[PDB]
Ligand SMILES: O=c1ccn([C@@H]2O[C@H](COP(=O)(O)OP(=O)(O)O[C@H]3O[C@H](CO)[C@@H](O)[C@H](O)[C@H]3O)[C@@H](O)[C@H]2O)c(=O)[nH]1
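Given as structure tokens, the chain that follows is alone and in the form solved without uridine-5'-diphosphate-glucose.
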């Protein structure tokens, strides 16, 4: 088999599609991953395993055949141009593979190049979709595009939303890209999402980065409208740690916010005071673009605290020292917290991070809510942060959320085990690819 994995620019898009690539390669498939060269060569220069040629995994390999971007530096501006070059170029690359005994059986794309199922359609090549957010978020988008349930509008900005097989969200707990008020540099992601929901008809399979028991009933309901397959999580399918060793177990407050979120300086300074004040141990990831910490922060907290510029998150998350996780609640981060058994402290910023935060707190039951997101735009005072740090590590539910945590970590490892739901959804989808052939 030979499947073509096409992904939009961005760390958050490429990583999961790569992980879907290392997985299909593990199953005797040859995968060719591609992404715009402008950001592609940036992966080249910044990654150790570049591409001299295929890179075997199990009995399959992963080739690299980047799309010529035709874009040297000169968001909506680039999206339209990229769509232009992609349709220009992608048949030319598929046509090359046609004459070298490599007819492509399937294409895989993510929502932020939603036009890809159109080239798949014209060229006769079946189209599938890698969805990188939860299944509650997919349902948010699908119901909204087809307008099957009512959302906030300009005339009612605080309307609740009642999605089937979901807890009733609130106006600011629906994925922020469906809100009718959106920054004009971001409207282009709203349009990409919505365009992908228009192209769903042409698509025979949606591969979702979640597993069957995390969103059990939801996946059953939407599976009648939609061809949804849970195959996750993908990260588990396929000096920092020396320091945490010295600490006692379940003791270190962990603090990341992914590699895009940039908090506000006032929010930084309320957290540093919070940590100082309750005097907890911590590992706070402070990625550079320059945030300042209070005068004598480092000396005051001592060896109880530690600030770093980057962290092996998956590793760190698998540590017993960790007491909790202050997170921006991206999908992969919510799932890495779930699968590893760690309680969370939710600081949603934008997008679907406000839905996942509603889920971590009130559904999966694995922690405490610190903020409600950009639409709240309320600098959270250190007093409250200190309260949630107490609530999640010492307080009356602290062990019940620990319990709930260690049970979603059980179910995650069963989903990915040999004859588990997530793994047999993979092999089946691979089994479907042959039956076309």
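Numbering follows the first chain given and starts at 1. Definition used throughout: the rigid core is the maximal C-alpha set that superposes within 1.5 Å between two forms.
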* Asked: If you count the residues of the deposited sequence that sit between residue 289 and residue 290 but have no coordinates, do you get none, 1 to 3, 4 to 9, or 10 or more?
  -> 4 to 9
* Structure fact -> Counting residues of the deposited sequence that sit between residue 74 and residue 75 but have no coordinates, the total is 4 to 9
* Structure fact -> Stretch with higher mean Cα temperature factor, 357-365 vs 213-221, is 213-221
* Give the stretch, out of 173-181 and 308-316, with the larger mean C-alpha temperature factor in the deposited entry. => 308-316
* Asked: In this PDB entry, which of 154, 299, 270, 100 has the top CA B-factor?
  -> 100
* Asked: Looking at 394, 404, 32, 371, which has the biggest Cα B factor in the entry?
  -> 32
* B-factor third for the C-alpha atom of residue 164 within its chain -> lowest
* Asked: Comparing residue 343 with the other modelled residues of its chain, is its CA B-factor in the lowest, middle or highest third?
  -> lowest
* To do: Using the B-factors in the PDB entry, rank residue 59's C-alpha atom against the chain and give the third, lowest, middle or highest.
  => highest
* **CA B-factor placement of residue 196, once the chain's modelled residues are sorted into thirds** => middle
* To do: Consider only the C-alpha atoms of the modelled residues in this chain, order them by B-factor as the entry records it, and name the third containing residue 247: lowest, middle or highest.
  => middle
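Omitted here: the form solved in complex with uridine-5'-diphosphate-glucose. The next part is about that form.
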* Okay, which stretch from 159-167, 327-335, 118-126, 145-153 lines uridine-5'-diphosphate-glucose in the entry with it bound, with non-hydrogen atoms inside 4.5 Å? -> 327-335
* Contacting member of 196, 203, 133, 212, with respect to uridine-5'-diphosphate-glucose in the entry with it bound [4.5 Å, heavy atom] -> 133
* To do: Identify which of 256, 139, 340, 281 has a heavy atom within 4.5 Å of uridine-5'-diphosphate-glucose in the entry with it bound; exactly one of them does.
  => 256
* Classify residue 421 as contacting or not contacting uridine-5'-diphosphate-glucose in the entry with it bound by the rule of any non-hydrogen atom within 4.5 angstroms, answering yes or no. => no
* To do: Please run the contact check for residue 425 against uridine-5'-diphosphate-glucose in the entry with it bound: heavy atoms, 4.5 angstroms, yes or no?
  => no
* Could you confirm whether residue 318 comes within 4.5 Å of uridine-5'-diphosphate-glucose in the entry with it bound, counting heavy atoms only? => no
* At the 4.5 Å heavy atom threshold, is residue 311 in contact with uridine-5'-diphosphate-glucose in the entry with it bound? -> yes
* To do: Align on the core first; then indicate which of 43, 57, 411, 398 has a CA shift of 2 angstroms or more between the shown form and the other one.
  => 43
